[PDB]
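Enquirer:
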Amino acid sequence: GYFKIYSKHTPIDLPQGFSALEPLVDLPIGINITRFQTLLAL
Amino acid sequence: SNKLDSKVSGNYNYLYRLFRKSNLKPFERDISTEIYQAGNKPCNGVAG
Amino acid sequence: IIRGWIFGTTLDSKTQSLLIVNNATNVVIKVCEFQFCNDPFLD
Ligand SMILES: *[C@@H]1O[C@H](CO)[C@@H](O)[C@H](O)[C@H]1NC(C)=O
Ligand SMILES: *[C@@H]1O[C@H](CO)[C@@H](O)[C@H](O)[C@H]1NC(C)=O
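Read top to bottom, the protein sequences are chains A, B and C. Read left to right, the first sequence gives residues 194 to 205, 212 to 241 (the entry's author numbering). The entry's author numbering numbers the first residue of the second sequence as 435 and each following residue consecutively. The entry's author numbering numbers the first residue of the third sequence as 98 and each following residue consecutively.
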């Protein structure tokens, strides 16, 4: 019954390398999620 | 509190579920009003 | 170009849905049954 988000940024076909991801924020959400959609501004 | 949460007319505010399609997972909430299909064929949104 | 995601089951007002959006100055997180059409987008 939560929601956790991790982020990472790196300058410059996924690249060859190893990198780790840090948490940002945890959210108490009581509704299960089965489908998700992205958004892009044109 | 038997006296402080009752009246001669009664309380119609509280709502509970007689039956439902499937069990609820721990810490999950559902307010959908969909009727479980107890009959052979669905009723398509009308209480039959 | 890409900013934000939406989450849910039916993705409409009928049931609960999630919506996270960024607009280059902050992050807005909000769990409400907003009206999603066939393909939402931003001008
Ligand atoms: C939770 O999951 C079940 C089965 O995957 C689904 O039927 C139900 O709609 C989900 N809950 C919500 C609030 O959408
Ligand atoms: C756009 O960013 C501002 C912050 O200046 C925020 O208040 C606003 O809610 C954002 N837009 C949307 C649609 O969330």
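All C-beta atoms, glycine included, are put in the ideal place defined by N, C-alpha and C.
1. Got a sec: does ligand 2 put a non-hydrogen atom nearer than 7 angstroms to the Cβ of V118/C?
2. Can you name the residues of chain C whose CB is closer than 8 angstroms to the CB of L226/A?
3. Can you find a CB in chain A that lies within less than 8 angstroms of the CB of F453/B?
4. Bridge partners of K197/A, per DSSP?
5. Sort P137/C, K127/C, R100/C, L139/C by Cα distance to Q113/C and report the nearest one.
6. Count the other C-beta atoms from every protein chain shown that fall within 10 angstroms of the C-beta of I99/C, then say buried if there are 16 or more, exposed otherwise.
7. Check whether the Cβ atoms of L220/A and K201/A sit closer than 8 angstroms, and answer yes or no.
8. Give me the chain B residues within the contact set of residue 206/A, using Cβ-Cβ distance strictly less than 8 angstroms, ordered along the chain.
9. On the criterion of 16 or more Cβ atoms from any shown chain inside 10 Å, does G105/C qualify as buried, or is it exposed?
10. What does the shell around ligand 1 hold, if a residue joins when its beta-carbon is under 6 angstroms from any heavy atom?
Expert: Looking at the atomic coordinates:
1. Yes, since a heavy atom of ligand 2 falls inside the 7 angstroms radius drawn around the Cβ of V118/C.
2. Ordered by position in chain C, the residues that pass the 8 angstroms Cβ test against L226/A are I126.
3. Not closer than 8 angstroms to any Cβ of chain A, the Cβ of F453/B fails to qualify, so no.
4. Partner(s): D225/A.
5. With distances taken between Cα atoms, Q113/C lies closest to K127/C.
6. Residue environment: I99/C is assigned as exposed (fewer than 16 neighbouring CB atoms within 10 Å of its CB, all protein chains considered).
7. In this structure, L220/A sits near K201/A, with a CB-CB distance shorter than 8 angstroms.
8. Between 205 and 212, chain A has no modelled residues, and residue 206/A is one of the positions in that gap.
9. Classification of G105/C: buried, given that the 10 Å Cβ count is 16 or more.
10. In chain order, the hits are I230/A, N231/A, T233/A, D464/B, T106/C, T112/C, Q113/C.
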